[PDB]
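Chains: A, B, C, D, E, F, G and H, in written order; residue numbering restarts at 1 for each.
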Amino acid sequence: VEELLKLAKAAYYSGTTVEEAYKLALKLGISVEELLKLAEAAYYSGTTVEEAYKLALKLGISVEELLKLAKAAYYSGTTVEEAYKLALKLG
Amino acid sequence: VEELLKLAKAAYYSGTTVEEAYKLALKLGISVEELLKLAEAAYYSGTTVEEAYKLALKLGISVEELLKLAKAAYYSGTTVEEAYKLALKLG
Amino acid sequence: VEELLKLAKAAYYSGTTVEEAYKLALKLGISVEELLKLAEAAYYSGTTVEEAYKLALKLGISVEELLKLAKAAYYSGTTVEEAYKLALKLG
Amino acid sequence: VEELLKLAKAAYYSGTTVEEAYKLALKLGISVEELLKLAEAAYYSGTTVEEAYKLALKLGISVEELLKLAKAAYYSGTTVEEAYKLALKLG
Amino acid sequence: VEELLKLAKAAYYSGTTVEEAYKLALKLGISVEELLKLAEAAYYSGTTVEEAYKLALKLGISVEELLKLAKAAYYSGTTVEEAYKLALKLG
Amino acid sequence: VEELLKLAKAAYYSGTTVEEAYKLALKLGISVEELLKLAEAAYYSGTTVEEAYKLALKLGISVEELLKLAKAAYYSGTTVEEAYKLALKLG
Amino acid sequence: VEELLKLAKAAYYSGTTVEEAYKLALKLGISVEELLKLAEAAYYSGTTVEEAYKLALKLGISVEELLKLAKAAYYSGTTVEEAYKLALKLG
Amino acid sequence: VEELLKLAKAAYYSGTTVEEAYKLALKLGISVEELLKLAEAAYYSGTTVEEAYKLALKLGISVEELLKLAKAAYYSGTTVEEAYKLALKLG
């Protein structure tokens, strides 16, 4: 029932349903926790979940770091990529 | 004094007074913790506490599982029963 | 520096200054933690700190129990004494 | 990404940007944690981060103690210096 | 407006909304400061705010000590409990 | 030269020039500090400075409280008015 | 060791080494603090340190006023001289 | 709980565990503050904590001066010893 609640939260974030979220979590071969993180991230950044996961592999990072980066980017008022580049520019 | 505070929180949730909550806790033969859980659940679902407990026996579950089901149902925009059926449907 | 902050919080709650709070803490022979608890309590109940402390002895309880009783009373919409009587009526 | 988030919080608090915050952290030769602390302090006290740091050296104290003093001063309705003088006055 | 800002920080940290944060502050009968502390703690530790609070009562400690333990645990790469056990082990 | 720098910051925020900012600060009969606060606020909220000042009188508050409310609203993802109403609803 | 650190920060700002900075500090007969201020200024304005000091004598001002003028000019998007003329124009 | 956190930070910096850091703090007969300073220093210099502490005696200075020298060296791009020699060359 817990995973279901997580899925319901993710479905809330992505504006979709719970079944779609469930199939999407399988498609990307991930757990519901990672899916929820990616949901929060995608919501704070203003993109989709799949785009989020793709950017998460592109920059070669985990879902937590990506969520944190999406929050940070939301604060600073930029995209996640600009925020990563800024994270590296200062080392 | 702790149980009384629990009862006061439950009274906040259920919109009643503390004595009604106590007599209700006797009626259903439950503890103040279970009563408080059922209160939160009843708030998230939009039903009464007694209705909540009855649904908790109907579906043959605990108060905690019922609470989780009420949150899950609250996000997706359905009732607790639809949430139970969906909880079994996806395994 | 911490104890001073406790005194400043208590002074905020009781609407007085920090020196007054300190002297009140001396007068009643209590610690700044107990003073802060009694301050919060006094605010939730809508009385002074001294009234709160006197009520704490009247009912023969600790500062923690009194604070919990003040919270409970804040929720239920009654006095701390009525809440105590309700705490006894239900055992 | 964590340090970047700290920098984003500090940049939010100080109303500046994140790069400006980092360069400010270089100027004063401090860490991002100290920078964020000095930011909070500066907000509760109503000064800049640099002013906060100068006041922090003036009194020969740490950033944490200064933060506590800024909170205390914010509550009591005084400046950080009067709060220090009060910190010594009461021993 | 200040308490509201604290609630907004806590709501940002916990990834929820502000109203949810307030109702969460009622549920646990705590102040917004304690709520924010428990939020930070929950972030550094990787748990919920409620889980954080339960762990805070389990060990019979304050919210500040718990926050410090969550930071320590985040740095050292352990749980908050192992950090507590380490806090006692070294005396 | 300080007031001029403040005016340059405000002109940065409002996307206008320094002379316009100066005449605008006179028009509203305010100091440059209040103007800068209103600039930050108007930027975080996505409105003009005059609209900001008008909302600041409408709700009968100061410039600092309004800036804090604009930041909070920026975090929560709502307008300043909804944030004020939420600030009152919970008391 | 402090002055050396100031010199190292100044060396960061001016992009040179520490010895060049020291000999430059002798050349202009100034202290390391003034040198550091002039470094920051030179960075914000996009000129050299010597150019900065020469402009500081040209306009007959201190290093601090020149720094403030460089920031002010940096926001509005003009040179320090335009900023001086504008500083006098508005009184 | 604070001293434990200092030890955890130092353990982060030195890449070891907290117990190792504690035993190192005993071996060298120093406080956790000095240990943390020496940790930061050792990180900025790219050596171990013991090397840093030995270098602190070699040059006959305090932990603060050594940390400042490590920062300076980090900026200028040299070793702590070369930075010390530069600190003496300029008097």
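Just so we're on the same page, a contact is a pair of C-beta atoms (placed from the backbone, for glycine too) under 8 Å apart; a residue touches a chain by one contact, two chains touch by 3 or more.
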Between B-E and A-B, the pair joined by more C-beta contacts: A-B
Option in E-H, B-E or D-G whose residue-number contact pairs overlap B-C by over half: E-H
Chain centre separation in whole Å, for subunit E relative to subunit C (CA means): 25
Distance from subunit G to subunit A - Cα centre to Cα centre, in angstrom: 45
Inter-chain centre distance, subunit C versus subunit G - centres from mean C-alpha coordinates, in Å: 57
Per-residue overlap in subunit D, given as positions that touch at least 2 other chains: 12, 29
Residues of subunit E that touch subunit B when the two form their complex: 26-27, 29
Of subunit H, residues touching subunit E in the complex: 1-2, 4-5, 8-9, 11-12, 17-19, 22
Partner subunit H, residues of subunit E touching it in the complex: 65, 68-69, 71-73, 75-76, 83, 86-87, 90
Subunit E partner contacts - residues on subunit B that touch it in the complex: 5, 9, 12, 40
